[PDB]
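Participant: So the sequences go chain by chain: L, E and H.
Under the deposited numbering, read the first sequence as residues 1 to 27, 29 to 208, first letter to last.
Under the deposited numbering, read the second sequence as residues 7 to 144, 163 to 297, first letter to last.
Under the deposited numbering, read the third sequence as residues 1 to 52, 52A to 52C, 53 to 82, 82A to 82C, 83 to 100, 100A to 100B, 101 to 127, 135 to 211, first letter to last.
C-beta atoms are modelled at their ideal positions from N, C-alpha and C, and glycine is treated no differently.
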Amino acid sequence: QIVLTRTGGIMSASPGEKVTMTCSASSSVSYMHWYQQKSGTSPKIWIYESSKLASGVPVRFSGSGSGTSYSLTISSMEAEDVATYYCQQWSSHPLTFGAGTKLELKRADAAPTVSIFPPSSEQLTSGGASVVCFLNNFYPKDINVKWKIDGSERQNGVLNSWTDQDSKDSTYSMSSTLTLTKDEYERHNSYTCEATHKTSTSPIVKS
Amino acid sequence: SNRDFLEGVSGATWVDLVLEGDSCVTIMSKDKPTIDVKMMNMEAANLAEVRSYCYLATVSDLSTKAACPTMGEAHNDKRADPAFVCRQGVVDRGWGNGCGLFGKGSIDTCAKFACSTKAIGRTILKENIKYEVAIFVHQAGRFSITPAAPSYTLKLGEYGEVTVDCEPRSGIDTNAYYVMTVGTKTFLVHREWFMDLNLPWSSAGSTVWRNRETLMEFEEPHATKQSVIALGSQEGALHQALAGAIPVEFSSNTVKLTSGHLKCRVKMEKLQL
Amino acid sequence: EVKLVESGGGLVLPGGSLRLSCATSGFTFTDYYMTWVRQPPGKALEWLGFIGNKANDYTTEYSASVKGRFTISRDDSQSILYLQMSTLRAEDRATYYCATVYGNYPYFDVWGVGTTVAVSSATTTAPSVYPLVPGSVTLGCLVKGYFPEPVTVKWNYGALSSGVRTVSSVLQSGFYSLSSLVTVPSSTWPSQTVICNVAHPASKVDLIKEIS
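#1: Where does H/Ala-110 land, buried or exposed, given buried means 16+ other C-beta within 10 angstroms?
#2: Report the CB separation of H/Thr-137 from H/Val-152 in whole angstroms; it is logged as a contact under 8 Å.
#3: Answer with yes or no whether the minimum CB distance from L/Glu-105 to chain H is below 8 Å.
#4: Does the beta-carbon distance from E/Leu-286 to E/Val-24 come in below 8 Å?
#5: Using CA atoms only, rank isn't needed, just tell me which of L/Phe-139, L/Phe-98, L/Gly-158, L/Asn-190 is closest to L/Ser-201.
#6: Are the C-beta of L/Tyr-49 and some C-beta of chain H separated by less than 8 Å?
#7: Could you list the residues in the region 96–129 of chain E with a C-beta less than 7 Å from some C-beta on chain H, going in chain order?
#8: With 9 Å as the C-beta to C-beta threshold (strictly closer), list the residues of the region 64–95 of chain E near chain H in chain order.
#9: State the beta-bridge partners of residue 300 of chain E as determined by DSSP.
#10: State the DSSP-derived secondary structure class of L/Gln-124, mapped to helix, strand or coil.
#11: Distance check for E/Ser-227 and E/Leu-53, CA to CA, integer angstroms please.
#12: Comparing C-alpha positions only, which one of L/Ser-92, L/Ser-24, L/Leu-73, L/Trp-91 sits nearest to L/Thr-85?
#13: In three-state terms, what does DSSP make of E/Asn-82?
#14: With 9 Å as the C-beta to C-beta threshold (strictly closer), list the residues of the region 173–192 of chain H near chain L in chain order.
#15: Would you check if there are 3 or more beta carbon pairs closer than 8 Å linking the region 140–158 of chain H to the region 105–125 of chain H?
#16: Check the C-beta distance from L/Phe-98 over to H/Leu-45 and give it rounded, since I have them as a contact under 8 Å.
#17: Hey, which unbroken runs of the beta strand (DSSP E) at 3 residues or more fall wholly within the region 56–125 of chain E?
#18: How many Å lie between L/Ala-55 and L/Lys-199 at the Cα?
#19: Run down chain E in chain order and give the residues with a C-beta less than 8 Å from the C-beta of H/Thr-28.
#20: Any chance the region 174–193 of chain L sits against the region 148–158 of chain L, with 3 or more Cβ pairs inside 8 Å?
#21: Does any residue of chain H bring its CB to less than 8 Å from the CB of L/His-198?
#22: Per DSSP, which one or two residues make a beta bridge with L/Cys-134?
#23: So is L/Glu-123 in contact with chain C if we call contact Cβ pairs under 8 Å?
#24: According to DSSP, simplified to helix, strand and coil, what is L/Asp-82?
#25: If contact means a Cβ-Cβ distance below 9 Å, which residues of the region 133–149 of chain L contact chain H?
#26: For a contact defined as C-beta to C-beta under 7 Å, what are the partners of H/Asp-31 on chain E?
#27: Just mark E/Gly-195 as buried or exposed, buried being the case when its beta carbon has 16 or more other beta carbons within 10 Å.
#28: Rounded to whole angstroms, how far is the Cβ of H/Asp-101 from the Cβ of L/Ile-46, which I believe are closer than 8 Å?
#29: By DSSP, does H/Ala-52C sit in helix, in strand, or in coil?
#30: Hey, could you find the ends of the beta strand (DSSP E) H/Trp-188 is sitting in?
#31: In chain order, what residues of the same chain have a beta carbon less than 8 Å from the beta carbon of H/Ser-211, not counting five sequence neighbours either side?
#32: Residues of chain L with CB under 9 Å from H/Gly-106, in chain order?
#33: Taking residue 240 of chain H and H/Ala-201 to be in contact with their CB atoms under 8 Å, please state how far apart those CB atoms are, rounded to whole angstroms.
#34: Drop a sphere of 10 angstroms on the beta-carbon of E/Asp-28, count the other beta-carbons inside from all chains shown, and report buried for 16 or more, exposed for fewer.
#35: Considering only the beta carbon of each residue, do L/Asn-145 and L/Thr-197 sit closer than 8 Å?
#36: Using the C-alpha atoms, what's the distance from E/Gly-165 back to E/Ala-51?
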């Protein structure tokens, strides 16, 4: 089988900025197609027969390629171009896709709008509870999140949910949740969300 | 020859007579002169068109659209023009002709249909059939008689005149036969046999030939295009399967027959002693 | 325009079978080849097999991964595609897409919603939705203790669709957990209907809640 190893696993690009991903093939090839998939959406055909742009596709995009080396390039990066891009080969059997190149808009920063919600009584009924902090619209992605048992860094029972780049404003969002028991509400009193980023000198704590 | 011989009528001003495809009849009497009455001929007047078939089409304006596999149903744009006959087909395809996938590609072939020779079929009835009836006196002259206006008064001058009522029955089953015209020869086709022929046909003053494929060969496909021809003359193979019909002459928008006869009342009354 | 709506996704035990459907509309089905592609929960993108049209003897071709296991069939009479599946296992776990094929040099142009295929022996479970009430203003609905994925949340019956932030869900205790938050002017609360629709295709249920 002919394997399509994609160059540029993930990458960021500032608006107006020219972008280029590579499709390396483990064997000669006739043509290469490219698909665009926006988070949630099912793929879309975009570049076919190496360089012919699908319909609806902005003239900004373009594809070159011959033999084993192919690439597509966005002339001037833009927010609507934010997605994963896959290359397909046709010259041989079976049909092959690449792993995909994630394309992120490198925009301006934003304050992690931290929030929290007390354990909804519903589960406090049979010994069920866990505090959950929330961290919406914020850039860049990089962010350390922490809880504390009255000064005690707690890591046992903490799993997070890193979401993708919102399409309407290119921002992110995260969610963290502490867990061991529920019989532990009166068993302790100080809870914390010590979120640290680069859009604040002092690590945000809204808890 | 078939010059029959009668006698006025028992002290009356009339006679009832009958004629064949040729026969004439002399009518004698004491006082009034003798009158040779002949049925000269009968013809069909102004025949109207009912359906003309083609027997030598012309094919022009070729144009075959195509599509690989995975490119759906090839559609020829001319398929929107009535003058064109189109036959969607299928053909081998592959790399060798700009397709990345060997398989049956769609194809649509179009060609204009034109007619070069029509076999015009015509019809007749009572409102158009004439009957030549010559009349002599011992001076003469002829005339025609229709089922519409059967009678007729002939002024004979110093001899007098004569009314001639009539009943123009014939032999042919009117509204059961048609007047076919292949080439120059004209024939008499039998009702259905006519509108049962497999050929392209116009209708009543129509410009729309139907059942056209009959005369054009869609030849072996060919990735690029597809050859289409028109079949040779049918005149030949139309005369061959059309000799049992009645050979006739369509001389000048009229038709000579034979199966006819008149029963006429001859009002000799008006005749001078 | 074109319509490619998959159907027949659910949870099945390691070895079972399933027949996936792709009801199409907005075009002449028979005329076009057709294909199935699956996307694993890992982004990777696997072609499975395609099936020609009538005039091509319904020619089919399958990937090494599907030899024997599955076979694809075409209901040309109703514009329907099927992918009969047998003896599933860990790898077959994915989201299965149904696309038409097109172009001189074939490419999958119009894909479809996709449909979710989970393979495991664990048990179905109706989630535990709770009221994430504000202790402007930001609310939401917590959704824990459920299996298998996916769940579906909405607000105001699909109406309210701006400021909505329904996060991803992570595995733990053989369980999925997803959260959700949305925001409106602190002036229109609680002066308007605050409801979070939450459907669970696994146990075929819903819970029209309301965060008072």
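Facilitator: Let me lay it out:
#1: Along the third sequence, read from residue 1 onward, the residue named residue 110 of chain H stands at position 118. Buried, by the Cβ-count rule.
#2: For the purposes of this step, residue 137 of chain H is taken as residue 138 along the third sequence, with counting starting at 1. For the purposes of this step, residue 152 of chain H is taken as residue 153 along the third sequence, with counting starting at 1. So it is not a contact: roughly 15 Å between Cβ atoms.
#3: As a working mapping, residue 105 of chain L is identified with position 104 in the first sequence. No, L/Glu-105 lies away from the interface with chain H (no Cβ there is under 8 Å from its Cβ).
#4: Counting from 1 along the second sequence, the entry for residue 286 of chain E is found at position 262. Counting from 1 along the second sequence, the entry for residue 24 of chain E is found at position 18. Yes, the pair counts as a contact, with Cβ atoms nearer than the cut-off.
#5: Residue mapping note: residue 201 of chain L aligns to position 200 of the first sequence, counting from 1. Of the candidates L/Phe-139, L/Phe-98, L/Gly-158, L/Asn-190, the one whose C-alpha sits nearest the C-alpha of L/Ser-201 is L/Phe-139.
#6: In the first sequence, residue 49 of chain L corresponds to position 48, counting from 1. True, the Cβ-Cβ gap to chain H drops below 8 Å.
#7: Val-96, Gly-104, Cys-105, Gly-106, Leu-107, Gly-109, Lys-110
#8: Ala-73, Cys-74, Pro-75, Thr-76, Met-77, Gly-78, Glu-79
#9: It is not possible to answer for residue 300 of chain E, since the shown part of chain E is limited to 7 through 297.
#10: Looking up residue 124 of chain L in the first sequence gives position 123. Looking at L/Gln-124 - three-state DSSP - the assignment turns out to be helix.
#11: Numbered from its first residue, the second sequence carries residue 53 of chain E at position 47. Numbered from its first residue, the second sequence carries residue 227 of chain E at position 203. Approximately 15 Å, taken between the alpha carbons.
#12: For the purposes of this step, residue 85 of chain L is identified with residue 84 of the first sequence, where counting begins at 1. Nearest of L/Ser-92, L/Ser-24, L/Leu-73, L/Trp-91 to L/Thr-85, Cα basis: L/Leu-73.
#13: The count along the second sequence starts at 1 and reaches residue 82 of chain E at position 76. In the structure shown, E/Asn-82 sits in coil (DSSP, three-state: anything other than H, G, I, E or B).
#14: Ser-176, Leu-177, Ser-178, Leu-180, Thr-182
#15: yes
#16: What you label residue 98 of chain L is simply residue 97 of the first sequence in a count that begins at 1. What you label residue 45 of chain H is simply residue 45 of the third sequence in a count that begins at 1. Contact flag correct, Cβ pair sits at about 4 Å.
#17: 63–73, 90–99, 109–121
#18: In the first sequence, the residue the question calls residue 55 of chain L occupies position 54. In the first sequence, the residue the question calls residue 199 of chain L occupies position 198. If you take the alpha carbons of L/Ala-55 and L/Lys-199, they lie about 40 Å apart.
#19: Your numbering for residue 28 of chain H matches position 28 in the third sequence. Going along chain E in sequence order, the residues near H/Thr-28 (Cβ under 8 Å) are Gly-78, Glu-79.
#20: yes
#21: Against the first sequence, residue 198 of chain L aligns to sequence position 197. Not an interface residue.
#22: In the first sequence, the residue the question calls residue 134 of chain L occupies position 133. DSSP output for L/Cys-134 lists L/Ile-117, L/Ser-177 as bridge partner(s).
#23: Annotation note: the requested chain C is absent from the structure, which comprises protein chains L, E and H.
#24: Position 81 of the first sequence, counting from 1, holds the residue named residue 82 of chain L. In the structure shown, L/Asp-82 sits in a helix (DSSP, three-state: H, G or I).
#25: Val-133, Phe-135, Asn-137, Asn-138
#26: Position 31 of the third sequence, counted from the start, is the residue given in the question as residue 31 of chain H. Here the neighbours are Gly-78, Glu-79.
#27: Counting from 1 along the second sequence, the entry for residue 195 of chain E is found at position 171. By the neighbour-count rule (16 or more Cβ atoms within 10 Å), E/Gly-195 is not buried but exposed.
#28: In the third sequence, residue 101 of chain H corresponds to position 109, counting from 1. In the first sequence, residue 46 of chain L corresponds to position 45, counting from 1. That pair is a contact at about 4 Å.
#29: In the third sequence, counting from the first residue as 1, residue 52C of chain H sits at position 55. Looking at H/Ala-52C - three-state DSSP - the assignment turns out to be helix.
#30: Counting from 1 along the third sequence, the entry for residue 188 of chain H is found at position 189. No beta strand (DSSP E) holds H/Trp-188; DSSP gives it neither H nor E.
#31: Along the third sequence, one-based indexing puts residue 211 of chain H at 212. Excluding residues within five positions, the ones whose Cβ falls inside 8 Å are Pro-123, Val-125, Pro-189, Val-193.
#32: Counting from 1 along the third sequence, the entry for residue 106 of chain H is found at position 114. Per Cβ cutoff of 9 Å: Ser-43.
#33: With chain H running from 1 to 211 in the structure shown, residue 240 of chain H is simply not present.
#34: Working through the second sequence from its first residue, we reach residue 28 of chain E at position 22. Answer is exposed; the Cβ neighbour count stays below 16.
#35: On the first sequence, position 144 is the one that residue 145 of chain L refers to. On the first sequence, position 196 is the one that residue 197 of chain L refers to. In contact: L/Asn-145 and L/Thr-197 (Cβ atoms closer than 8 Å).
#36: As a working note, residue 51 of chain E is residue 45 in the second sequence. As a working note, residue 165 of chain E is residue 141 in the second sequence. Between E/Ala-51 and E/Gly-165, the C-alpha separation is close to 21 Å.
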